[PDB]
Structure formats: structure tokens, C-alpha cells
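Written out below as C-alpha cells is the structure these notes cover.
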Amino acid sequence: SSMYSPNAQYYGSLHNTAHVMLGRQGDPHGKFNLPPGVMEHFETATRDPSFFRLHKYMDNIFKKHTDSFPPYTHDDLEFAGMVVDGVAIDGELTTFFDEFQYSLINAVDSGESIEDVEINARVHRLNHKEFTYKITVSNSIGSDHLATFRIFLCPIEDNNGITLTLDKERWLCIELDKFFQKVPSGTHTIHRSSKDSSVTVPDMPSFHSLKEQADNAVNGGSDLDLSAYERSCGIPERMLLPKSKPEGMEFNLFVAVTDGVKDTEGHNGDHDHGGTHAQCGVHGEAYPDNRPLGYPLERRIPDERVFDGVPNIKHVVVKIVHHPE
Amino acid sequence: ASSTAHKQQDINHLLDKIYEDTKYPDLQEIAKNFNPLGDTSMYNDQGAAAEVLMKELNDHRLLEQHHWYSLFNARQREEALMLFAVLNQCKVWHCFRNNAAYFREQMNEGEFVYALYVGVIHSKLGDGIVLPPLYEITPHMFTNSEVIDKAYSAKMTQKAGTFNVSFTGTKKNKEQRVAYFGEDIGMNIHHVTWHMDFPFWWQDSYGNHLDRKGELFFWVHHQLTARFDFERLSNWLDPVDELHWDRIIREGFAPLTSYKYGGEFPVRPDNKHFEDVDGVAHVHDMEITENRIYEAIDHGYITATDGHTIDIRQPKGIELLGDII
Ligand SMILES: [Cu+2]
Ligand SMILES: [Cu+2]
Ligand SMILES: [O]
Ligand SMILES: [O]
């Protein structure tokens, strides 16, 4: 729970206490002088497999609430006069592992009056090749209109080879992008690069790089456009796509185009929302999208006919291939 | 009369429509008028085996027709082997044929089919005969209940048809991935025929010794186990665990198969502990038996009834272990 809780005396702090409960299971009675578990730091918690069992448990609590609302109707979902004619991607969807280095110098003891030496860790990390979405829309209103583009990747089959219904897919879908763009009258193709995702941020610049850039500016006088780096909150760009398999896997790419005027009311459409607003919001500003998080996949969809009848929603099959070493 | 053509036809007729009284007039006449005790000079034992079986028959001590049969049921096996013993004593084919016809109409069909198969296999009189596949003689023991039901419906409606067999369970059951191994009708014929060729009830007084039988028993089952594990590996599954009497049997089974008479084969739930089986054994008896076998192995000798040692640190040791296991 957070300090926004209306009643912590009654509702307690389920999630934060659970982190400690799990983290301490190696020494639950303090007999062994063991330090806190990996679950007791946000730096480390996702290293523990139990992180995801705990958070699925918590996720299902939220899901009982979100499932309690009536399914969306045609009128709920329709962006009148906006149809998605096609969805395609420029570039193959390819994942691989590459190598990344970071410095261990801060971990080791130095001094006094003894020189340092370069000490690095090299890790293998998931990555993917660049691609660009091609989303063809037709705006059959006689005016340009702001639209929200909501992009999700959804499984088609489970690990047993069983084809999933839309209701069984929706809670498994992962957010790939969300952006606001003016759609002029007529039929037009919207292009969106994978690198520009509002879900992701680039790899952090190294400490050594930050020192070099700051030192070069201070010792001299140079206004470096530091307004370049994203934020550190956001799924790493390299992890935008799931690993998939060497033999390839097919997924549903789900695109919902919604009324940007209504979605952004109170926060403007032309305004800059930063590079990570989908899950990390906008630093020092209100959250720019009024819709429920997960829209339009966050309510039950018992009747797939409802979604199929909405011209501003479309999904297509895409293939992701893993390229092993 | 005892030519290959006539012997084969006789066997074909005896096994035809096995759940009904014979439809062949010549077999009907034999079953009505032949006396297994009328001329005991036809038997190498002067009628001893026929006397045993006729006394059981006349005293109404044999299993009724239209009833399940299991080779692992001591009394039912003893009854089937009483007929095998008669067939095995026949000097000439007309004795073998006439006793088969006579007892076909008196004895349980499962016992009869078993006795006739092992009688053909282990008598010189059966040389040259090709036994029909058991999956066409008793199809219930090789065909799931859904397909049998479709066959019953075809017969009720007097319409021909060919029906496709699918596997049991669902795709949610990962064990179904390898159902094509243990449910293959030929693999099942391989298995029952091996045991018909090398039966655990064999006594050399029946006519000949079965060379290295106990070692072949180890080997044929080692190969079944290793071959199944190769199918598991082929289907992204781990090797089978071993059973233990004090640990749960993780993988249950729903046969979705039925006896012709006796009902549906029983299901076993997932994750059950072994329970004592009334009239068979306690779980603890199995553990003691296992311990005694391992004592012989780790001693390097089997203990005889009078306490003397039988060395198994020699090439025949594995065979002697097959004999006692
Ligand atoms: Cu958490
Ligand atoms: Cu066997
Ligand atoms: O977390
Ligand atoms: O968290």
C-alpha cells in the first residue's frame, strides 16, 4: 500500500509486506544472522523467480475488479470515422543476444594514494533489430483529428498448442507502444519506429561517459543538450520484444486507434509527453491519457464479435524469430 | 486335414465373432458331440489334463462367458492354462481342433483366446499358422470407448463405416504428446506376443526350455523403457521418473477405454499414494520384496529354499534375477 491508502489501519500493506515475507523465508525467525533477501530491494527483486509468482497473485486481485465491469460495447469502442485499413511492419522481427559492459570500480576498495585500474563486467543481454510499424488509417470525417495509437502484442496459442480466444489473450498481451498523432482527412499510412516506443527507454549512459561529458562542459564552458537521454524508467529498448524461438513464433499484433481529443482532454495533444509516458508517466506533469490503463483490453471480452465490428481496431499475425549465436 | 490351409482356416473360424456361439456348423457339431475324454490315446499324458479341465467344467467351477478376463488373476489364469494344457498334450491336429471347438463353447472367451494363442505358439501342431491380430479378435482391448460406441451405433443402424481414432486426454495433458507410443496397436501386439512367447507361468514339463528367458525379460522391458524415453525427449519432455512404493505416482491416467463385458477401464487420479489392494498385497509387502531382491544383488547370490547360495556373479546371474523378479 501507499500513503494514499484511505485506511491503512484496516487494509494494511499486502504487497510490500509480501516482499519482506518472501525475502525472509531463508531465515524467517532471525536465527541465522542472514541479511534481507533479494525480494527486499527493488534493484534485485526481479532476479528471484518468486517475484513473478507473487506479482501474478497480486495481478489476479486487480483482475477481479477489472473483470467486474460490463464489457465494452460497439458504441464504447468506436472512433467514428476512423478505420484501420491495414497493419504491417517494415523489417523482420528478430531477437538475439549481444554483449554489454559496465564498470565494477565502485565495488572495489582503493586508497589512500594508490591508483585505480579498469575493472568491467560483461553480460549477455537480449536485443532486437530495428523495425517500423506501418498503420494505414482512413479518416472519413471532413477534418484532421488527433488519434491515440495503442499497440499490443498478444499470444495466439499457449504452451500446449491451444488456440486462445480474445478473452483468454487479452490479459496476457504486452504493451508495445502508445502515441498521439494527428490523422488528416483521407487515407494515410502512419509510420512509427520501434526506437520511439513510449514503453521503452535506451540503455543508460555509463558513469564513465557521464563524467567525461560533465567534465568536458565544466572545464571550458559548453552547453551540451543533456535533454537527450530518455529517463531511466521504462522497459529497456533491447527488451521490447519477447525472445521467441529459433524456429519462429507467431503472435497477434493488436492495434486500437482511439479518440485523441477525448483521451488527452486537459493535457493537450501537441504537448511533449517524453519518451516513457505509457507506464512511467510524464515527469512533473499529470498522466496524459485519460483512459483506464490497458484500454481497451482491460475489461472482459466474452463476445469477440463486438471487437471485430469496430473499424478502429485491427490485429494481424506477425512472426518473431530468435537468432542464436 | 492337418495341412496348413485347414489348420489356418480352423483357427480363423475358432476366433471369428468370439463373443457369440460359433456360427460354423462343423464347429457346432464338434462342440455338441466331441468328448475330450472319449479317446485318451490322443494325448501324450493319456488324458490327465483333459480330466482336470472336464472336472472343473462339470462341477461348474469355471468363469462364465461374457465376463472380463485378466491374465494376472490367479484363478482365471489357472483356468486358461487348464485348456492350454489340454491343447499342449494333443498328439495330432484333430485333437487340438476338437478340444478347441468343444471348449470355445464352454469357457470364458478371454480365457479361451489366451489359451488358443499360447497353444498354437507352443505346440509343434501350430507350426505354420499365422495368428490373427488380437486387435481384430478382441477390438475392445485395443480401441477407445468413443470409437467402440460409433461401431455400436453403426451396428444398431445397420450401416457400414470407418471411424477415426484420436488419442485420449486433451492438449492440456502433456503426456498425450507421446500417446502414439503406448497406444500403438502394433506396440501392444509386440508386448502381448513377447509374453505369450516367454510366459511367466512356463514350466519345462510342458515340453521345452525357454532359453535365457529371465534375461530376455529384463532386456525387452529395458528397451520398451528406453524407447519411450526417446519419444519423451523427441517431444520436449523430461525422462520418466521411477516409481517408488513410498512416493506419489504423479501422472494419473484416464483410459477412456472399455471392456466388451465388465464396464469401462478405471481411471487413476494424478498424484496418488499407493494404497494396499485387498486380495493382492500390502504396499509394505512390495517394499519387503524389493528389499529382498536388492539383498540378493548386493550379496552376489540368491538364497535357495534350504538356505544355500546360488552365485549370480556370473553371466547367468542377470537371467536368474529375471527369474526371481
Ligand atoms: Cu512488487
Ligand atoms: Cu511386459
Ligand atoms: O515489485
Ligand atoms: O513493487
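Values for this structure:
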item	result
Inter-label distance for B:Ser41 and B:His94, nm, one decimal - labels placed 7 Å from Cα along Cα-to-Cβ	1.2
Cα gyration tensor category, rounded, prolate or oblate, for the protein assembly as shown with a/c compared to 1.5	prolate
Footprinting exposure proxy for A:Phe79, B:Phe200, B:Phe72, B:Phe142 (fewest neighbouring C-beta atoms within 10 Å first)	B:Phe72, B:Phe200, B:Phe142, A:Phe79
Fewest-first sequence of B:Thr305, A:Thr264, A:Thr132 by Cβ atoms within 10 Å of each Cβ	B:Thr305, A:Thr132, A:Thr264
Neighbour-count ranking [beta-carbon atoms within 10 angstrom, fewest first] of B:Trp236, B:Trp201	B:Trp236, B:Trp201
Share antiparallel - DSSP beta bridges, the protein assembly as shown, percent rounded to 5	90
Counted charge near B:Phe142, where neighbours are those whose Cβ lies closer than 13 Å (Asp, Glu -1; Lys, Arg +1)	-2
Backbone N under 18 Å from the A:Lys245 label point (7 Å along Cα→Cβ), restricted to segment A:151-168	A:154-164
Cβ-based net charge around B:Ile293, under 12 Å, with every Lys or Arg adding one and every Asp or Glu removing one	-4
Potential lengthening between A:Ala8 and A:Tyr102 on full extension [0.36 nm per residue; Cα-Cα distance subtracted]	29.7 nm
Inter-part distance where segment A:1-67 and segment A:274-325 are each reduced to a Cα centre, Å	27
MRE, 222 nm, helices only [DSSP H, n ≥ 4, -39500 (n - 2.57), over chain B, to nearest 500]	-14500 deg cm²/dmol
Segments B:126-136, B:278-288 sorted - mean Cβ within 10 Å per residue, highest first	B:126-136, B:278-288
Cα Rg over Rh - segment B:1-151, Kirkwood	0.96
Relative contact order (%) - chain A, alpha-carbon pairs under 8 angstrom, separation at least six	23
Using a Förster distance of 22 Å, the FRET efficiency for B:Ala74-B:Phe228 (Cβ separation, nearest 0.05)	0.15
Label-point gap, in nm, between B:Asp241 and B:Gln8 - each point 7 angstrom along Cα→Cβ	5.0
DSSP-loop trypsin sites (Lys or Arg not before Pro) across segment B:128-221, with at most 16 other Cβ within 10 angstrom	B:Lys159, B:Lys171, B:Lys172, B:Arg212
Added length on full extension, which subtracts the Cα-Cα distance from 0.36 nm per residue, B:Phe200 to B:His221	6.2 nm
Calculated FRET value between A:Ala286 and A:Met204, using beta carbons and R₀ = 35 Å, to 0.05	0.85
Shielding by other protein chains, B:174-181, mean Cβ within 10 Å	1
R0 of 30 Å, Cβ-Cβ distance A:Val316-A:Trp171: FRET efficiency to nearest 0.05	0.90
Extension gain (nm, one decimal) between B:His284 and B:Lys32, 0.36 nm per residue minus Cα-Cα	85.7 nm
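Methodologically, a virtual Cβ is constructed for each residue, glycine included, from the backbone with ideal geometry; neighbour enumeration extends over all protein chains shown. Computed from the coordinates by the stated procedures, all read-outs in this text should not be read as laboratory data.
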